[PDB]
Every structure is written in structure tokens, then in C-alpha cells.
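Below you'll find the structure, written out as C-alpha cells, and then a few comments.
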Amino acid sequence: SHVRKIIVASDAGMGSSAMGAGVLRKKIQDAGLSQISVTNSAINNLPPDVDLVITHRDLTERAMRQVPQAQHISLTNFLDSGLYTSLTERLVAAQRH
């Protein structure tokens, strides 16, 4: 049971989800974590095997519901680089640990 799956979800999963996914994905690849996979999809579609779910706070309630047993991270803004940076550092820390 290793956390390696990160998926971003949204209302339609065809807008903000695309950018969130790309940035996170790039950082993960840069960190040499080829073992971690990144994809995006609509909220209505989230595999129960997902370990990490990243969505906008306005829809985090929904994702939690589908899988309240999963780990959810809430965002505030689409380009909130500060939050993205913090989250990335954290995941890296959790990866080693």
C-alpha cells in the first residue's frame, strides 16, 4: 500500500483540472519520482484505488464523499502557486518518509 497515485478532478474535468494536473505532474517528474503517476478526470469518475485526490475546495466535499477514505487536498485558486509549491514539498517529504 504505497501512495503513488495523484488525480485531479473537477466539475467537467476538462478545464482547471488540465492545468492543475500539468503543473503537479511536472514537479513530480522533476523530483525524479517516475514511480508516481498523474492523471485527471471528472469527479463523477474517480477510481476507488486512488490514494490522493486534488480538487477545488468548492468540490472537495464531493470527492471526499465518493471516497472519504481517500486523501483529499483542497485548492483555493487555479494559479495558487504557493499552495501548489507547499503541497509538492509535502508529498516529497511523505515519499521518503
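Lettering and numbering for the C-alpha cells are positional, with chains as A, B, ... in the shown order, residues counted from 1 in each chain, and ligands counted from 1 in the shown order.
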Selection: 8 Å around residue A:25, only C-alpha atoms, excl. self and same-chain fewer than 3 positions, as an NGL selection string: :A and (21-22 or 28-29 or 37-38)
Give me the residues within 12 Å of residue A:97 as a PDB file with N, CA and C atoms, in the first residue's frame, counting only C-alpha atoms and dropping any in the same chain fewer than 5 places off.
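Listing of part-v7.pdb after writing:
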```pdb
ATOM      1  N   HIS A   2       1.313   1.654  -1.190  1.00  0.00           N
ATOM      2  CA  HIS A   2       2.190   2.817  -1.344  1.00  0.00           C
ATOM      3  C   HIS A   2       1.485   3.972  -2.062  1.00  0.00           C
ATOM      4  N   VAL A   3       1.498   5.167  -1.469  1.00  0.00           N
ATOM      5  CA  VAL A   3       0.911   6.332  -2.122  1.00  0.00           C
ATOM      6  C   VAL A   3       1.729   6.702  -3.358  1.00  0.00           C
ATOM      7  N   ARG A  90       5.565  18.750   0.450  1.00  0.00           N
ATOM      8  CA  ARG A  90       4.994  17.830   1.418  1.00  0.00           C
ATOM      9  C   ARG A  90       4.975  16.393   0.910  1.00  0.00           C
ATOM     10  N   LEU A  91       4.540  16.222  -0.327  1.00  0.00           N
ATOM     11  CA  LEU A  91       4.438  14.898  -0.907  1.00  0.00           C
ATOM     12  C   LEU A  91       5.822  14.278  -1.007  1.00  0.00           C
ATOM     13  N   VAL A  92       6.795  15.092  -1.380  1.00  0.00           N
ATOM     14  CA  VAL A  92       8.175  14.636  -1.451  1.00  0.00           C
ATOM     15  C   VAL A  92       8.618  14.163  -0.071  1.00  0.00           C
TER      16      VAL A  92
END
```
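If you count only C-alpha atoms and ignore residues fewer than 2 places along the chain from residue A:20, what sits within 10 Å of it is residues 7, 8, 9, 15, 16, 17, 18, 22, 23, 24, 25, 39, 40, 54, 55, 56, 75, 78, 79, 80 and 84 of chain A.
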Just to be explicit: take each residue in the selection above, keep C-alpha atoms, and write the result as an mmCIF file, in the first residue's frame.
```
data_model
loop_
_atom_site.group_PDB
_atom_site.id
_atom_site.type_symbol
_atom_site.label_atom_id
_atom_site.label_comp_id
_atom_site.auth_asym_id
_atom_site.auth_seq_id
_atom_site.Cartn_x
_atom_site.Cartn_y
_atom_site.Cartn_z
ATOM 1 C CA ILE A 7 -5.530 12.577 -9.713
ATOM 2 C CA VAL A 8 -7.137 15.972 -10.151
ATOM 3 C CA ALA A 9 -10.909 16.242 -10.516
ATOM 4 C CA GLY A 15 -10.739 22.895 -17.577
ATOM 5 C CA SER A 16 -8.948 23.742 -14.337
ATOM 6 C CA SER A 17 -8.193 20.042 -13.931
ATOM 7 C CA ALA A 18 -5.969 20.238 -17.016
ATOM 8 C CA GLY A 22 0.160 19.560 -15.763
ATOM 9 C CA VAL A 23 1.930 21.613 -13.100
ATOM 10 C CA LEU A 24 1.813 18.890 -10.442
ATOM 11 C CA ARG A 25 2.887 16.327 -12.972
ATOM 12 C CA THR A 39 -3.828 11.963 -14.484
ATOM 13 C CA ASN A 40 -7.057 13.968 -14.463
ATOM 14 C CA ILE A 54 -6.799 17.027 -5.590
ATOM 15 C CA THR A 55 -9.788 19.298 -6.301
ATOM 16 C CA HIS A 56 -11.074 22.820 -5.749
ATOM 17 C CA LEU A 75 -7.109 24.275 -3.529
ATOM 18 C CA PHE A 78 -6.285 27.896 -10.104
ATOM 19 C CA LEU A 79 -2.843 29.528 -10.215
ATOM 20 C CA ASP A 80 -2.231 29.431 -6.454
ATOM 21 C CA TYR A 84 0.967 24.023 -5.190
#
```
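Closest approach to residue A:30 among A:66, A:81, A:88, A:76 is made by A:88 (distances from only C-alpha atoms).
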Select from chain A everything DSSP, run on the backbone, classes as strand (DSSP E or B), then give the selection as an mmCIF file with N, CA and C atoms, in the first residue's frame.
```
data_model
loop_
_atom_site.group_PDB
_atom_site.id
_atom_site.type_symbol
_atom_site.label_atom_id
_atom_site.label_comp_id
_atom_site.auth_asym_id
_atom_site.auth_seq_id
_atom_site.Cartn_x
_atom_site.Cartn_y
_atom_site.Cartn_z
ATOM 1 N N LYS A 5 -0.396 7.503 -6.472
ATOM 2 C CA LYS A 5 -1.385 7.934 -7.446
ATOM 3 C C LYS A 5 -2.014 9.260 -7.065
ATOM 4 N N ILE A 6 -1.883 10.213 -7.977
ATOM 5 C CA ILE A 6 -2.444 11.537 -7.796
ATOM 6 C C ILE A 6 -3.338 11.870 -8.981
ATOM 7 N N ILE A 7 -4.568 12.251 -8.678
ATOM 8 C CA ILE A 7 -5.530 12.577 -9.713
ATOM 9 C C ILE A 7 -6.260 13.858 -9.362
ATOM 10 N N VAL A 8 -6.436 14.714 -10.362
ATOM 11 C CA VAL A 8 -7.137 15.972 -10.151
ATOM 12 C C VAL A 8 -8.527 15.878 -10.757
ATOM 13 N N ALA A 9 -9.543 16.301 -10.009
ATOM 14 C CA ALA A 9 -10.909 16.242 -10.516
ATOM 15 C C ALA A 9 -11.598 17.597 -10.457
ATOM 16 N N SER A 10 -12.617 17.752 -11.300
ATOM 17 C CA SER A 10 -13.379 18.992 -11.355
ATOM 18 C C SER A 10 -14.806 18.704 -11.814
ATOM 19 N N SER A 37 2.333 8.418 -10.582
ATOM 20 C CA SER A 37 1.594 8.654 -11.821
ATOM 21 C C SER A 37 0.597 9.793 -11.640
ATOM 22 N N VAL A 38 0.385 10.569 -12.704
ATOM 23 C CA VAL A 38 -0.530 11.709 -12.647
ATOM 24 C C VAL A 38 -1.507 11.726 -13.814
ATOM 25 N N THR A 39 -2.782 11.856 -13.473
ATOM 26 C CA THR A 39 -3.828 11.963 -14.484
ATOM 27 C C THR A 39 -4.962 12.846 -13.980
ATOM 28 N N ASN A 40 -5.913 13.151 -14.854
ATOM 29 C CA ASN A 40 -7.057 13.968 -14.463
ATOM 30 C C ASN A 40 -8.334 13.372 -15.027
ATOM 31 N N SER A 41 -9.444 13.614 -14.344
ATOM 32 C CA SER A 41 -10.724 13.090 -14.783
ATOM 33 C C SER A 41 -11.857 13.784 -14.038
ATOM 34 N N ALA A 42 -13.073 13.629 -14.541
ATOM 35 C CA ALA A 42 -14.235 14.249 -13.914
ATOM 36 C C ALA A 42 -14.468 13.660 -12.520
ATOM 37 N N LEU A 52 -4.441 9.715 -3.642
ATOM 38 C CA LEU A 52 -4.542 11.162 -3.455
ATOM 39 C C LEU A 52 -5.503 11.778 -4.457
ATOM 40 N N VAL A 53 -6.388 12.628 -3.953
ATOM 41 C CA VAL A 53 -7.326 13.341 -4.804
ATOM 42 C C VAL A 53 -7.165 14.841 -4.588
ATOM 43 N N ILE A 54 -6.996 15.581 -5.679
ATOM 44 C CA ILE A 54 -6.799 17.027 -5.590
ATOM 45 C C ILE A 54 -7.897 17.763 -6.352
ATOM 46 N N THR A 55 -8.706 18.552 -5.643
ATOM 47 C CA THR A 55 -9.788 19.298 -6.301
ATOM 48 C C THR A 55 -9.954 20.672 -5.669
ATOM 49 N N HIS A 56 -10.788 21.501 -6.292
ATOM 50 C CA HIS A 56 -11.074 22.820 -5.749
ATOM 51 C C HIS A 56 -11.975 22.682 -4.524
ATOM 52 N N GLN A 71 -7.268 10.341 0.480
ATOM 53 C CA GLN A 71 -6.658 11.585 0.914
ATOM 54 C C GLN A 71 -7.024 12.699 -0.047
ATOM 55 N N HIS A 72 -7.577 13.775 0.503
ATOM 56 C CA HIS A 72 -8.036 14.888 -0.312
ATOM 57 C C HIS A 72 -7.286 16.157 0.035
ATOM 58 N N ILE A 73 -6.915 16.889 -1.000
ATOM 59 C CA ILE A 73 -6.239 18.159 -0.832
ATOM 60 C C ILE A 73 -7.055 19.228 -1.541
ATOM 61 N N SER A 74 -7.354 20.303 -0.828
ATOM 62 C CA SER A 74 -8.192 21.355 -1.381
ATOM 63 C C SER A 74 -7.370 22.547 -1.839
ATOM 64 N N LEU A 75 -7.763 23.098 -2.980
ATOM 65 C CA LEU A 75 -7.109 24.275 -3.529
ATOM 66 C C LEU A 75 -7.998 25.491 -3.309
#
```
Members of chain A assigned alpha helix (DSSP H) by DSSP, as a PyMOL selection string: chain A and resi 16-30+57-66+81-96
Saved selection, atoms kept: N, CA and C atoms, as a short mmCIF file (atom, residue, chain, number, x, y, z; two decimals), in the first residue's frame:
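Ended up saving to out_22.cif:
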```
data_model
loop_
_atom_site.label_atom_id
_atom_site.label_comp_id
_atom_site.auth_asym_id
_atom_site.auth_seq_id
_atom_site.Cartn_x
_atom_site.Cartn_y
_atom_site.Cartn_z
N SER A 16 -9.94 23.55 -15.39
CA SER A 16 -8.95 23.74 -14.34
C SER A 16 -8.17 22.46 -14.07
N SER A 17 -8.84 21.32 -14.19
CA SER A 17 -8.19 20.04 -13.93
C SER A 17 -6.98 19.85 -14.83
N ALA A 18 -7.05 20.39 -16.04
CA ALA A 18 -5.97 20.24 -17.02
C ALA A 18 -4.70 20.96 -16.56
N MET A 19 -4.85 22.17 -16.05
CA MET A 19 -3.70 22.95 -15.61
C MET A 19 -3.12 22.38 -14.32
N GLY A 20 -3.98 22.14 -13.34
CA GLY A 20 -3.55 21.57 -12.07
C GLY A 20 -2.72 20.31 -12.31
N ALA A 21 -3.24 19.44 -13.17
CA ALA A 21 -2.56 18.19 -13.48
C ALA A 21 -1.18 18.42 -14.09
N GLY A 22 -1.10 19.31 -15.07
CA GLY A 22 0.16 19.56 -15.76
C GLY A 22 1.25 20.05 -14.82
N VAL A 23 0.94 21.05 -14.01
CA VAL A 23 1.93 21.61 -13.10
C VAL A 23 2.40 20.58 -12.08
N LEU A 24 1.46 19.90 -11.44
CA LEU A 24 1.81 18.89 -10.44
C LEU A 24 2.65 17.80 -11.08
N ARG A 25 2.21 17.38 -12.24
CA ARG A 25 2.89 16.33 -12.97
C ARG A 25 4.34 16.69 -13.23
N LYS A 26 4.56 17.92 -13.68
CA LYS A 26 5.91 18.37 -14.00
C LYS A 26 6.80 18.35 -12.76
N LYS A 27 6.28 18.85 -11.66
CA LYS A 27 7.06 18.89 -10.43
C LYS A 27 7.44 17.49 -9.98
N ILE A 28 6.49 16.57 -10.08
CA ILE A 28 6.72 15.19 -9.68
C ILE A 28 7.81 14.54 -10.52
N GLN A 29 7.73 14.76 -11.83
CA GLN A 29 8.72 14.20 -12.74
C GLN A 29 10.09 14.81 -12.47
N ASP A 30 10.10 16.10 -12.19
CA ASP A 30 11.35 16.80 -11.90
C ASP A 30 12.01 16.22 -10.65
N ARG A 57 -11.66 23.44 -3.49
CA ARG A 57 -12.39 23.37 -2.23
C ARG A 57 -13.90 23.32 -2.45
N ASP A 58 -14.37 23.99 -3.49
CA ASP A 58 -15.80 24.02 -3.74
C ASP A 58 -16.33 22.64 -4.09
N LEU A 59 -15.45 21.75 -4.56
CA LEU A 59 -15.89 20.42 -4.96
C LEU A 59 -15.19 19.32 -4.15
N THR A 60 -14.35 19.71 -3.19
CA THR A 60 -13.66 18.72 -2.37
C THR A 60 -14.65 17.90 -1.56
N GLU A 61 -15.76 18.51 -1.15
CA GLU A 61 -16.78 17.78 -0.41
C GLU A 61 -17.27 16.59 -1.22
N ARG A 62 -17.50 16.83 -2.51
CA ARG A 62 -17.98 15.78 -3.40
C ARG A 62 -16.99 14.63 -3.49
N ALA A 63 -15.72 14.95 -3.70
CA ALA A 63 -14.71 13.91 -3.85
C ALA A 63 -14.57 13.12 -2.56
N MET A 64 -14.59 13.82 -1.44
CA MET A 64 -14.47 13.17 -0.15
C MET A 64 -15.56 12.13 -0.02
N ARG A 65 -16.73 12.50 -0.50
CA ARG A 65 -17.91 11.66 -0.39
C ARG A 65 -17.75 10.36 -1.16
N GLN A 66 -17.28 10.48 -2.39
CA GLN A 66 -17.11 9.31 -3.23
C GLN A 66 -16.12 8.38 -2.55
N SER A 81 0.15 29.29 -6.90
CA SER A 81 1.47 28.67 -6.92
C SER A 81 1.96 28.35 -5.51
N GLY A 82 1.64 29.21 -4.55
CA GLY A 82 2.09 28.99 -3.18
C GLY A 82 1.56 27.67 -2.64
N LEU A 83 0.26 27.43 -2.81
CA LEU A 83 -0.33 26.18 -2.34
C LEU A 83 0.28 24.99 -3.08
N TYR A 84 0.40 25.11 -4.39
CA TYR A 84 0.97 24.02 -5.19
C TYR A 84 2.38 23.70 -4.73
N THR A 85 3.18 24.73 -4.52
CA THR A 85 4.56 24.52 -4.09
C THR A 85 4.60 23.81 -2.74
N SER A 86 3.79 24.27 -1.80
CA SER A 86 3.75 23.67 -0.46
C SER A 86 3.35 22.21 -0.53
N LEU A 87 2.32 21.92 -1.31
CA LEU A 87 1.81 20.56 -1.42
C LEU A 87 2.88 19.64 -1.99
N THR A 88 3.59 20.12 -3.00
CA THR A 88 4.63 19.33 -3.63
C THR A 88 5.73 18.98 -2.64
N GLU A 89 6.19 19.98 -1.89
CA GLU A 89 7.26 19.75 -0.93
C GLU A 89 6.83 18.68 0.06
N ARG A 90 5.56 18.75 0.45
CA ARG A 90 4.99 17.83 1.42
C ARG A 90 4.98 16.39 0.91
N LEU A 91 4.54 16.22 -0.33
CA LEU A 91 4.44 14.90 -0.91
C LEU A 91 5.82 14.28 -1.01
N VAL A 92 6.80 15.09 -1.38
CA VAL A 92 8.18 14.64 -1.45
C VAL A 92 8.62 14.16 -0.07
N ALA A 93 8.30 14.96 0.95
CA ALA A 93 8.66 14.61 2.32
C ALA A 93 8.00 13.29 2.72
N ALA A 94 6.73 13.12 2.33
CA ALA A 94 5.99 11.91 2.66
C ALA A 94 6.50 10.71 1.86
N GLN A 95 7.08 10.98 0.70
CA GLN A 95 7.59 9.90 -0.15
C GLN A 95 8.78 9.21 0.51
N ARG A 96 9.72 10.02 0.98
CA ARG A 96 10.88 9.46 1.67
C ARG A 96 10.42 8.80 2.93
#
```
Of the listed residues A:50, A:36, A:43, A:70, that which approaches residue A:13 most closely, counting only C-alpha atoms: A:43
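Counting only C-alpha atoms and comparing A:67, A:4, A:49, A:77, the residue that lies closest to residue A:34 is A:4.
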